[PDB]
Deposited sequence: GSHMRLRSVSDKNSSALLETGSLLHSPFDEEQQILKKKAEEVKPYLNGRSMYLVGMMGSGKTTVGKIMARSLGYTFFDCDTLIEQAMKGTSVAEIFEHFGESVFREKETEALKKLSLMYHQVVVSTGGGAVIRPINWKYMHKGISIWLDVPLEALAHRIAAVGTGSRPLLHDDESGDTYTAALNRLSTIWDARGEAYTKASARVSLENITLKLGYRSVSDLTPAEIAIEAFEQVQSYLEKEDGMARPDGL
């Protein structure tokens, strides 16, 4: 809470109003962590998926999926990310789990600093299910497809490593603030080394 103020003040000068993008699997807490980060920096926070929902005038995302499939949503995500990187500075943006699939999105996101919330699949399945093995199976299938792509991010925040360092029981005991403090630390380490 104070560490947050202090850790945000310390990163402002390397940032030069560059934007930050939170990437990760479904359920990885991108949105809550992102808002906390944004608020600490005095930055504007945007949720990619929320923006796309709202730009859909008179139809929904659900209808885009039934009628056009994943491919047409993917172009909307791309158009949304393109917009955000060319037009806004000093923003924090959480993206959907699939934003990382297309190399075009890495072109816009790499104009900024990207932060991957690496949450172990088992914890994702447990967050999702509160059945566990059924969530886990699905995430495991998705992980085999996207896994490699998250590693393209500037910084990685391991929720496993945070829980060890803090002596907590499972990643589920972590607070959004404690995760944002680690995101701050890794962003800072990345920026110190260019």
{"query": "Gaps in the model (deposited sequence, numbered from 1)", "finding": "1 to 31, 162 to 177, 242 to 250"}
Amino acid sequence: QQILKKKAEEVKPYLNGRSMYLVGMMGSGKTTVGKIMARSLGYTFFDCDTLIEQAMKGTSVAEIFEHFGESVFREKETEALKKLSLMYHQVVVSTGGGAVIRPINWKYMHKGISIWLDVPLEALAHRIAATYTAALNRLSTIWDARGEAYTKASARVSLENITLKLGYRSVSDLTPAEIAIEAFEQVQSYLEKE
From here on, numbers count along this sequence of modelled residues.
{"query": "Comparing 12 to 20 with 172 to 180, the one whose average Cα B-factor in the PDB entry is higher", "finding": "12 to 20"}
{"query": "Residue stretch of maximal mean CA temperature factor, 147 to 155 vs 39 to 47", "finding": "147 to 155"}
{"query": "Of the residues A130, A134, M26, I64, the one carrying the largest Cα B-factor as recorded", "finding": "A130"}
{"query": "Out of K111, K83, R102, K76, highest CA B-factor residue", "finding": "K111"}
{"query": "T59 - which third its CA temperature factor falls in, relative to the rest of the chain", "finding": "highest"}
{"query": "Within-chain third of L124 by Cα B-factor, per the entry", "finding": "lowest"}
{"query": "Third of the chain's Cα B-factor distribution that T163 belongs to, per the entry", "finding": "highest"}
